[PDB]
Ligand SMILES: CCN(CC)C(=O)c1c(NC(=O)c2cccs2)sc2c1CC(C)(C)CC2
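One chain comes next, on its own, written out as structure tokens in the form solved without the named molecule.
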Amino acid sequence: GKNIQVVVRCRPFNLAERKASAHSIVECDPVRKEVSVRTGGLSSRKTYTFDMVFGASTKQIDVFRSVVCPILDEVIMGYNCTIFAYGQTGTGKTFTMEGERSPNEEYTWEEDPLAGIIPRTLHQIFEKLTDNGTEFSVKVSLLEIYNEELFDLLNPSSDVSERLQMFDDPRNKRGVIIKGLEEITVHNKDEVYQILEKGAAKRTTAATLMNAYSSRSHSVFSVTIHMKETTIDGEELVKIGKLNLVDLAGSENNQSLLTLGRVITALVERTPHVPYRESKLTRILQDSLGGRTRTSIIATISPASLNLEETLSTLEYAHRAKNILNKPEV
């Protein structure tokens, strides 16, 4: 058991994989928490074991309830947590972390069944803290890391080529200060959608003008909750919660992903001198990874033979981050 959790989500087939005659090579056993890959067919097949395994049938709501809700509970109690989406471009990192809008109908009191972790997170924060009388405020920031350089995606008025500078925080040795990072106040439950729209417009502008392609860059979405909870005949709680929702660069890409791997592996194995400072991303997230809290990695994969090499590469990366023994085959 552990505060570091590694899970695998397999997306269903697209149409390019079906027409190209590609065949499914991945077996996901949620009950046994196992992913099996036909590397030869019928000979052998390689089995991996993880903390949870979500098959191609998994809905967004199930990912949120299983992975995020236990973590969001710790955030609302006043801790800093991080959830990663790792995997090959096109396997569902952004779909899992952010989700999509359904063009049919219009969800208002109901969550879009395609909404991802970020919208469901903000909606649960607003509904839970309003329902229990908490005096609370919410801030969100969104930055992008390309070529080890930081770009704010929420600054309404910056110069596209302006990169954020990062300084050590004299108050907490494990924290950093991202000078100029825009932090938008979220005033109600649904405001997150227009926030993500502004960030997407800044993202494509940075792509067209600076070649900062979103498939090759990390996206760090941080939600900060300041909380004052008053209970007559109880206590007055002043809490600050922080959840970083990290949509990583495509894993087919270079060293910052391997640095993130060495950090998680070191946190799992409890080896000294976790190499936080060897990459910008892990230095950003040190205060949420260092202080003992909950961290989850959602490793996304494709089931088609077309992507065999990168799927094996992803499972190997997730296995190296948290090595769990395979239970004896039945």
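One rule holds for the numbers: they count along the sequence shown, beginning at 1.
We do not show the form deposited with the named molecule bound, though everything after this point is about it.
For residue 162, no non-hydrogen atom is located within 4.5 Å of the named molecule in the entry with it bound, even though that partner is not displayed. In the entry with it bound, at least one heavy atom of residue 101 sits within 4.5 Å of the named molecule. For residue 197, a non-hydrogen atom is located within 4.5 Å of the named molecule in the entry with it bound, even though that partner is not displayed.
Heavy atoms of residue 241 never reach within 4.5 Å of the named molecule in the entry with it bound, leaving it off the interface. Checking 223, 176, 154, 227 against the named molecule in the entry with it bound, a heavy atom within 4.5 Å turns up for just one residue: 154. Among the residues 115, 138, 145, 76, the one placing a heavy atom within 4.5 Å of the named molecule in the entry with it bound is 115. Stretch 105-113 is the answer when you ask which of 163-171, 105-113, 68-76, 128-136 has residues with heavy atoms within 4.5 Å of the named molecule in the entry with it bound.
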